[PDB]
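Next up is one chain by itself, shown in structure tokens, the form deposited in one PDB entry.
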């Protein structure tokens, strides 16, 4: 909450730009400024001071000066008073409704949860699930519950094949006291960059987790990525646990370090790390780090034996997972 006012303002502007303006690069510019400001170890006392930071320019510095002088931003006052903008922003909170579908729904008079519930026939399966569990998906998951969830997942995966290794990533791996959802990175020796020596490696795991009633709904599913819904079991007389979002990603076993780096995040850390790789002459994805050639083309994958090796290539001091949060 050092500079909390400012980073909250910038985050609200980011979400407006993404969700209402459909300006993804302005969204990213506000996210980067908010990130650099949140890590700054002093109280910001002027826009000029802020402007010294990378990603803060003239326009954001002017907003910082207004906020600092008044405790508000007139631009955000106006946005919050705009019913249309507020409804569009709100609908994007439903899983499976993005900025385009939100604008379409709002253009047709669908502006509230009640409206969506009355017009379910206009929603695809994903969106119906997002609507059904809307309240539940708004809630964070206490780390204590993430531990029970981890226990179930690792137990069931072991049952299918003891050679699978499942690693809970995302904010959990970063040490967070609560998480938005569960992210599971999966490997198996039969799936590498060289071969797929077994079929349906992800399917087998998903199927076992459905058999024991942990996974309750599927949003999307291909050969390497599963996106769905799960729920802890609860006791008699007791309030049910909320349904939770779960993501499972099967990554080639020989590309585990790029995979776990990607899946640990945070999102802004990843984008910032990948941006630094580009200015250092490299490109990073969840599979590989490659050098860039004269044609801007990525060359062959470089050898990696740890998360730190990836940091080494781009001359960043190693950051532990807990220091990768915003």
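Note that the rigid core is defined as the largest set of C-alphas that superpose within 1.5 Å between two forms. Residue numbers count along the first chain shown, from 1.
Missing here is the form deposited in another entry; even so, the following discussion is about that form.
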Residue shift check between this form and the one not shown, rigid core fit, residue 118 Cα at least 2 Å:
no
**Asked** Superposing on the rigid core, do we see a C-alpha displacement of 2 Å or more at residue 152 between this form and the one not shown?
**Response** no
_Superposing on the rigid core, is the Cα displacement of residue 265 between this form and the one not shown 2 Å or more?_
yes
Working note: in that other deposited form the C-alpha atoms of residue 22 and residue 270, off by 3 Å or more, come farther
Against the displayed form, residue 305 vs residue 153 by Cα, in that other deposited form, with 3 angstroms or more change: pair is closer
